[PDB]
Structure formats: structure tokens, C-alpha cells
There are 2 protein chains.
Amino acid sequence: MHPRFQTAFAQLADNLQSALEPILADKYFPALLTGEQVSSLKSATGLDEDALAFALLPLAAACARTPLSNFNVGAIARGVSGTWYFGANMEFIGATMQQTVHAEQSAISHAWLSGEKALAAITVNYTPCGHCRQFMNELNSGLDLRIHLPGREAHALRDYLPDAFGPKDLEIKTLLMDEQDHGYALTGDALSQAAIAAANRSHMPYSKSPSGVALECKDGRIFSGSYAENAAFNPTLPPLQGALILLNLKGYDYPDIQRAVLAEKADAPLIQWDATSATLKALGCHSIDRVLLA
Amino acid sequence: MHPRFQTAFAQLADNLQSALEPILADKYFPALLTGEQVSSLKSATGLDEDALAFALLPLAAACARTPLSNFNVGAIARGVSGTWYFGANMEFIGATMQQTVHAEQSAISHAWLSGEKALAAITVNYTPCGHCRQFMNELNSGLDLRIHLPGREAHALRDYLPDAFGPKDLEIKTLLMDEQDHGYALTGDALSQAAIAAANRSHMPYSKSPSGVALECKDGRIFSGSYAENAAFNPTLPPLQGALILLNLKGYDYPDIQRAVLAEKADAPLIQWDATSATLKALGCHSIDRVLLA
Ligand SMILES: [Zn+2]
Ligand SMILES: [Zn+2]
């Protein structure tokens, strides 16, 4: 068990602890549960999906990186595949408030970057902020996505965001998590190729500026992040954050990053380079390169 | 009349055009209307406050800087003083999506930076995004603020943001637009003193990192911006954006900036320096200095 899960696990119900102890054994438990694992968990406890998701939220919140607030939020995104993806909020000392990752964005990005094609529901241990409701309205699930919160009854996103602004208002038909491939040729080494592959999956219908970041860890692990625009612009997930969401959920920590690469167009209306390098230097990484698409 | 207002004005009703033509005569019309001016406008047209506010939204939207979307949004914040403040959205080529200013944030910041102590209502020509509903929930007006949208009936913010997240969740009692003065001594020249004065009005209860930016124009005009945190962190208004909101509403343009100063603490958990310089260099300003508080 990775040390982060240790207090949360200790507080779980006995039959849940038992069913989970095999799964959580590995330090690099991927903060995700396949359909099969969810079925076993249900057989061992008698919990249904929603109640299981709620019971598990302490483990998702245990992945939160909150040096400023000490307010840990956990979210579980439930893929249409049946896979459940954890997500937790992250705050970065030395950067800005605009670089913060919310638990809900972490869980959705985990699912999208893992290749999930659509989400069925999202379970969170605290009500989502307007920034997250706006982020969720970018998805191909639109206003129908169901949110599950402790003590409340389920609701579609349209109930949490009445008279919603979204891609339709800007006449955009390509929604986040729809299949996208921008056809940039992968060149360079492993890390730049991973960054370009991430840029190829970019959701960028508003500025048409593709970008992706890939981080290489001490042990050779590469974590990649694709850029995801939002119709309201500011809730956009920058490329670096995707990679850091993955690095953290998968059990690693910022001192394990060795190199990082950002791929983006040279003549692009929006440029990620400055915010990427500045946040990475804040986290300690200083080996940052940029490969540019054409 | 500043050229931006010229098409919008031409499309206004005749008795409105007549009443406004004196006010809009000056190129540097401050994109604000005092209680007296609103009274005159009502006498000249017979419009009540809400309908007047709607009639005026084309002039507020005429201040929008939208190189990416060409989607102009105008907002009118109505102060408790009776002053109405315009606001419009701004997009910055060469920066990121996180630097975007929404019309609603522009109008609220205009009011706060002008010294308005509380808002009564906000009128917008398009429904506010979740990012803005979250921004509005930081204010001392809380969930009671009334939003007015074309064709809809008025509603308090609590109707647009059900089961809201906000400062109470983080046990914060100091709300935005409450009186704040952090007591930093004003040192240096005019521009650094203006930046420190702006930092002294910072709403920063979450990171305790005060900052302010002041911009000096070719003609000697100084525009200042205070930092305003948000409970959901990301909707935070950075200091530079406050100053650029003011510079643009007041009729100036980015090539008029000569110098800029950012004031902030050296040992602060969050640092504005990198995003401030990078966005200003993108806008063309290259004379940026930083004075630091202690
Ligand atoms: Zn949120
Ligand atoms: Zn908005």
C-alpha cells in the first residue's frame, strides 16, 4: 500500500478492507478499478455502485496534493467501459491559482487520457464549484452527466448548471472525449514523440492551438497530458496538468521527474511555453524542452 | 465618441441616442454612469433601470477585446452607490486561456477597483458561465446578487448556482469587496507606490499572498489592479488583469502602456511574476519591474 492510502484504508469497513487489500497491495496501484474489480467489491460487501463509489471516496481524496488549503477533495469518474478512475485536487506552491487542478478535472482527465470514450457518472465528496460544472459541460455527455454527492440525491449536470453556456453557443460540434486525431507526425526521441502524440489528441476547437506535455521519470516512466479547451476559455486544462494528474495518481511524486517536453505550434494564437516552464521550475524540474509542430 | 461605440450607438433608439450623445462625446468616456446620469437617461426615454441596462448592453459589449472568438459579451454591474460600471470580455493572443477576462469579471472588478462597496445587480447579454457564477459567489453580496439576462426573468445567483461552493466552505469570513487594507508602506516612485496601494487592497484569504500591478501609459495615466482570490482557486482574478480591465474600459489600448510594476511578497506561496511578465510581453510591453513587499 502506498503510504497515502494507509489512514483512509484503516477507516474502511472490514469486508471492504478485506476485498481491497489485494488491490491496494501494490504501491503503484493505478488509482483506477476495472469493471471486474468493481464486481468483486460489490460481491464482497453487498454495496451497489453508487454506495461503493461513496465508500471509496476517502481513498480518492487520499491522493490530493493540497499544500495551500489542506482541503482534500476526491472524485471517482465512472467510465462507460465500466472502469472507475480516481481523481483528487492538486495545488502548486510557487505557481498561481490558475494552475490548480480540481478533483473533478483530475478524474475526467484520468478517464480521457486513459482512452475512455464517455463517462456515465461522477461521484465527488464535496459539491462541485462552478468552474467544474463548466468543465463538465465540455464533455460529449453534455448536460446529462450525473453527479453523485454525499447525502444528496443524484442529479444530471443540467440541474447543477441551469441555463448553461457551452460549446453550442460558439457553434462547436466537437466535444471533449470525442475521437480526435490531428495528424502531426511523431518525430524525435521517445519523450518528444509522446508529447506530439498527446498534442494529436488535443481538444482545441476554439484557438486551434494543439499542445501536449510528456514527463519522463527517474525510472523511465513517461506521463503525457493533452490540452483540453473549454468553451468558457478559463476552465481549460493546460497540457502540463494532464501529465501531473497522471504522475500523481499513479503513485509518483514531483522529485521523480527528470525531463519534460512540451510540443506546440510555433505560430499558435495561444502559447503554453511560459506557464509550463514556470510551473515545472516551481516543482523542481529544470530540464524542459519544447518541440514544435508544423 | 471613441470609435468602438460608433456602430452600437447608431443602432440605439432615437431618444436614447439623444440623451447619450453628450455623455459619449468624450473619447475617454469612462464606461461608467453615475446615478444622476442614469436618472436623466430614464427621464429621456421612460425606461426603467432594468430595461435601460439592457438597452445599454451593446455599448458595454462594444468594449470587448475578442481576437480569438469574435464573441463580444457586455455586462453592466450596478453598484449600491447607484453607479453603473460597464465590463466586457478580453482575450490575449500570445498568452493562455487562463488569462482570459470574462465580461462579468471585468464589470465586477471595475466596480471594486473604483471603490464600490457592494453590488445590487448585474445585467449581462449572455448567460454567465460556471466560472463567473463561482466568481460572483466570492462577493459580499453572496448568493443574493441578482442577475438580469435578455429574455429571462431576474434571478438571484443562488438560482444559477444551486448547492454552491464558496468561502464559507473554507471557513473564510472576509468576502470580496469588504473593506481590506493590509498596511504595506508605500515606497518608491509613483508607479511602485500605485502597485503597492493596489496590493494593500488584495483579497487573498486563501494563500495570504498580496499583489498588485500598476501600468503607466504614454500620457502618464496609471491604471492599477488588485489581486482577488476565489474559494474555488482558479476563478481568481490576477493583478495584471485588473489593470488591463481599467486601461481598456477607459478608452486606452495596449500600445499605450509604457511601464508596468508588480508588487508582491518575496516568500509568498503563490507568485504572479511569471504570468504577469509573459502576458505583458505578449501585449508588447517589455518594461516590467517588480517591487517586493515585506
Ligand atoms: Zn471545482
Ligand atoms: Zn464567464
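Residues numbered from 1 in each chain as written, not as in the entry; some residues may be left out. Chains lettered and ligands numbered in written order. Heavy atoms only, no water.

This deposited entry lists X-ray crystallography as its structure determination method and 2.3 Å as its resolution.

Peer 1: I'm lost on the overall build of chain A in this one. Help?
Peer 2: Along the backbone of chain A there are 10 helices and 10 strands. A compact globule built from 294 residues would reach a C-alpha radius of gyration of about 19 Å, and chain A, at 18 Å, matches this within 12%. With respect to the three principal axes, the spread of C-alpha positions in chain A is 55 × 45 × 35 Å. Each of the 294 residues in chain A was classed as buried or not, and the buried ones make up 63%. In chain A, once contacts between residues fewer than 6 apart in sequence are set aside, the share between residues at least 24 apart is 65%. When the accessible surface of chain A is summed, it comes to about 10300 Å², and 50% of that surface belongs to carbon and sulfur atoms. Measuring between centres, the 21 positive side-chain charges of chain A sit 1 Å from its 30 negative side-chain charges. (Helix = DSSP H or I, 4+ residues; strand = E, 2+ residues; numbered from the N terminus. Rg over C-alpha atoms; globule rule 2.2 N^0.38 Å. Buried < 20%, exposed > 50% of the residue type's maximum accessible area, 1.4 Å probe, protein only. Contact = heavy atoms within 4.5 Å. Areas by Shrake-Rupley, 256 points an atom, 1.4 Å probe, with all protein chains shown as cover. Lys, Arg positive; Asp, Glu negative; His and termini not counted. Charge placed at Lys NZ, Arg CZ, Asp CG, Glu CD.)

Peer 1: Even after reading the chapter, I still don't get the coordination of the zinc ion (ligand 1), so can you show me in this structure?
Peer 2: Four donors placed tetrahedrally about a metal ideally form angles of 109.5 degrees, and six donors placed octahedrally ideally form angles of 90 or 180 degrees. All names here are of chain A. The zinc ion (ligand 1) binds to the protein through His102 (ND1), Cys129 (SG) and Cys132 (SG), with metal-donor distances spanning 2.1 to 2.4 Å. When the donor residues of the zinc ion (ligand 1) are listed from N- to C-terminus, their spacing reads H-x26-C-x2-C. Within this pair, whereas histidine 102 is found in the loop between β3 (84–88) and α5 (103–113), its partner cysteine 129 is found in the loop between β4 (119–124) and α6 (130–136), the two being separated by 27 residues in sequence. The exposure class assigned to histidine 102 is buried, which follows from its relative accessible area of 9%. Judged by its relative accessible area of 4%, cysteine 129 is buried. (Donors = N, O, S within 2.8 Å, 3.2 Å for Na, K, Ca; no water.)

Peer 1: Explain the domain arrangement of chain A to me, please; I cannot follow it from the model alone.
Peer 2: Buried accessible area, meaning the area lost when the parts come together, often serves as the stated size of an interface. All names here are of chain A. One can read the domain layout of chain A as domain 1 (29–179) and domain 2 (180–294). In this structure, domain 1 and domain 2 have C-alpha centres spaced 21 Å apart. Here domain 1 and domain 2 share an interface that buries about 2900 Å² over both sides, 61% of which is from carbon and sulfur atoms. Counting the surface domain 1 buries against domain 2, the share from its top three residues, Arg65, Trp112 and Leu113, is 21%. Counting across the domain 1 and domain 2 interface gives one salt bridge. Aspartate 253 is paired through a salt bridge with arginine 65; the nearest N and O atoms lie 2.8 Å apart. (Domains from an automatic or database assignment. Buried area = accessible area lost by both parts, 1.4 Å probe. Salt bridge = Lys/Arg side-chain N within 4 Å of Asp/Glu carboxyl O.)

Peer 1: Please clarify how the packing of α5 of chain A against helix α9 (residues 239–249) of chain A should be interpreted in this entry.
Peer 2: The description of two packed helices rests on the angle between their axes and on the distance between the axes. All names here are of chain A. For the pair α5 and α9, the least separation of the axes is 10 Å and the interaxial angle reads 90 degrees. The angle between α5 and α9 places the two elements in the roughly perpendicular class. Facing α5, whose interface residues are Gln105, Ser106, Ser109, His110 and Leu113, α9 presents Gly242, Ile245, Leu246 and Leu249. Residues belonging to the contact of α5 with α9 are distributed by class as follows: four nonpolar, five polar and no charged. (Axes fitted to C-alpha atoms, helices over the stretch in contact; angles between N-to-C directions. Parallel < 35°, antiparallel > 145°, perpendicular 65-115°, else oblique. Nonpolar A, V, L, I, M, F, W, Y, C, P; charged D, E, K, R; others polar.)

Peer 1: Help me understand the coordination of the zinc ion (ligand 2), please; the structure alone is not making it clear to me.
Peer 2: Residues and elements named next belong to chain B. Around the zinc ion (ligand 2), the protein contributes the donor atoms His102 (ND1), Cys129 (SG) and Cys132 (SG), which lie 2.1 to 2.4 Å from the metal centre. Within one chain, the residues donating to the zinc ion (ligand 2) are spaced in sequence as H-x26-C-x2-C. Residue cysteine 129 shares its accessibility class with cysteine 132, and that shared class is buried.

Peer 1: Help me understand helix α10 (residues 273–283) of chain B in this model?
Peer 2: An α-helical turn contains 3.6 residues, so any two residues separated by three or four positions project in the same direction. Taken residue by residue, α10 of chain B has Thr276, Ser277, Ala278, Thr279, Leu280 and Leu283 of chain B as its buried positions. Contacts from the buried residues of α10 of chain B go to α10 (273–283) of chain A together with β7 (211–217), α9 (239–249), β9 (257–265) and β10 (288–293) of chain B. Phi turns positive one or two residues past the end of α10 of chain B, at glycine 284 of chain B, with a value near 115 degrees.

Peer 1: Honestly, the interface of chain B and chain A in this entry has me stumped. Any pointers?
Peer 2: Counting residues at the interface gives 47 residues for chain B and 47 residues for chain A. For the pair chain B and chain A, the summed buried area comes to about 4000 Å², and 61% of that belongs to carbon and sulfur atoms. For chain B, the biggest contributors to the area lost against chain A are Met97, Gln98 and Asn234 of chain B; these three give 19% of the whole. Among the ionic pairs, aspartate 163 of chain B bridges to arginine 152 of chain A, the shortest N-O distance being 3.2 Å. Those elements giving two or more residues to the side of chain B that touches chain A turn out to be α6 (130–136), α7 (157–160) and α10 of chain B. The greatest single-element share of the side of chain B that touches chain A, amounting to four residues, is contributed by α6 of chain B. Residues belonging to the side of chain B that touches chain A are distributed by class as follows: 25 nonpolar, 14 polar and eight charged.

Peer 1: Help me out: how do you make sense of the packing of aromatic side chains in this one?
Peer 2: Each aromatic ring pair is described using two quantities: the centre-to-centre distance and the angle formed by the ring planes. Residue and element names in this part refer to chain A. Applying the stated rule across the entire model yields 18 aromatic pairs over all chains. On the basis of an interplanar angle of 50 degrees and a centroid distance of 5.9 Å, the ring pair of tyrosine 206 and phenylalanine 233 is categorised as tilted. Here the residue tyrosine 206 occupies a position in the loop between α8 (190–200) and β7 (211–217), and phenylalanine 233 occupies one in the loop between β8 (222–226) and α9, the gap between them amounting to 27 residues. For the pair shown, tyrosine 206 and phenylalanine 233 are each scored as buried. An aromatic cluster is built from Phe5, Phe29 and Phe86, whose rings are joined through pairwise contacts. (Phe/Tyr/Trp six-rings, centres within 6.5 Å; stacked < 30°, edge-to-face > 60°.)

Peer 1: Looking at this structure, how should I read the relation of the copies chain B and chain A?
Peer 2: Mapping between the two copies of the chain is achieved by a rotation about an axis and a shift along the axis. Of the transformation superimposing chain B on chain A, the axial component is 0.0 Å and the angular component is 180 degrees, with the fit at an RMSD of 0.0 Å. In symmetry terms, the pair is related by a two-fold rotation axis. Most of the interface of chain B is mirrored in chain A, where 100% of its interface residues are also at the interface. (Least-squares fit on C-alpha atoms.)

Peer 1: Teacher, can you tell me more about helix α8 (residues 190–200) of chain B here?
Peer 2: All names here are of chain B. Burial analysis of α8 places eight of its 11 residues in the buried class, the great majority of the element. When we look at burial in α8, the residues that qualify are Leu191, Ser192, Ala194, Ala195, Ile196, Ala198, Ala199 and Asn200. Along its buried surface, α8 packs onto β7, β8 (222–226), β9 and β10. Sitting at the head of α8, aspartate 189 places a side-chain oxygen 3.2 Å from the backbone nitrogen of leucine 191. (Polar contact = N/O pair within 3.5 Å; in protein donor to acceptor, adjacent residues only side chain to side chain.)

Peer 1: Would you take a moment to explain the UniProt feature "active site" in chain A for this structure?
Peer 2: The UniProt record annotates "active site" at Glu104 of chain A. Residues contacting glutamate 104 of chain A, with those up to four places away along its chain left out, are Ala75, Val124, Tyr126, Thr127, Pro128, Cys132 and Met136 of chain A. (UniProt positions renumbered as here; feature names shortened; annotations may be inferred.)

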